[PDB]
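Presented below, as structure tokens, is a lone chain in the form deposited in one PDB entry.
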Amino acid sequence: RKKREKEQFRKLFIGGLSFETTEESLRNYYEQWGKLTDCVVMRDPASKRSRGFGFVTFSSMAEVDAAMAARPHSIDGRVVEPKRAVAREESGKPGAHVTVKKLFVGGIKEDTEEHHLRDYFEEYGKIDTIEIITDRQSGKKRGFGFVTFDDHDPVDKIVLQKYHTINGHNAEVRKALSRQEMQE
């Protein structure tokens, strides 16, 4: 009992496709977990060579959830790297295409604690680590911490739903990137 979400929430980027992968075989594969609305494998215009990547659009985000839960994916004898897609409009933010397991979580003030985060974020995946940042040499809480999962996808899914309310607070949740966000 949902409406269609906007496209960005239903779209998958598939990296590391084999050269013999086509739209029909990619579509065949991802149709196991949902109805495909669009499917495209990007080619060199001159050579018509596959660029080794593509995009599938599911009809609901739930189907993306299901397909991601089914990993790993072998399409044409090669394990592919599927990720929630990055909008054309955000493709050039620093660190846009970088896959990480570490979630940033700010906006939490001083009353928020590891158990609030665990309890809240448990429902997205297996957590490895939770660290609430206290001040170096004061122990004063700094308003933020880091959740690290065993997989990148809970992070991506979390950040895609950008609105999260935790311990009463509006939390800022982003990826925790080092200066790996340096690319031109």
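Residues that one form lacks are left out of the comparison. Numbers for residues come from their place in the sequence shown, where the first is 1. Only the largest set of C-alpha atoms that superpose within 1.5 Å between the two forms is called the rigid core.
Of the other structures of this protein that model both sides of residue 148, every one gives it coordinates; not a third omit it. Per the compared records, residue 137 is unresolved in at least a third of the other entries whose models span it. Comparing 111 to 119 with 148 to 156, the stretch with the higher mean C-alpha B-factor in the PDB entry is 111 to 119. Higher mean CA temperature factor between 36 to 44 and 124 to 132: 124 to 132, per the PDB entry. Out of 88, 97, 71, 84, it is 71 whose C-alpha atom has the highest B-factor in the PDB entry.
Sort the modelled residues of the chain by CA B factor and residue 142 lands in the highest third. Sorting the modelled residues of the chain by their CA temperature factor places residue 12 in the lowest third. Split the chain's modelled residues into thirds by C-alpha temperature factor. Residue 166 is in the middle one. The PDB entry assigns residue 26 a C-alpha temperature factor belonging to the lowest third of its chain's modelled residues. In this PDB entry, residue 66 carries a Cα temperature factor that places it within the middle third of its chain's modelled residues.
Below, we turn to the form deposited in another entry, even though it does not appear here.
Taking 2 Å as the criterion, residue 69 does not count as shifted between this form and the one not shown: its C-alpha moves by less than this amount when the rigid core is aligned.
Taking only residues common to both forms and fitting on the rigid core, the CA shifts of 2 Å or more between this form and the one not shown cluster into runs of 3 or more residues at 44 to 49, 161 to 163, 179 to 182.
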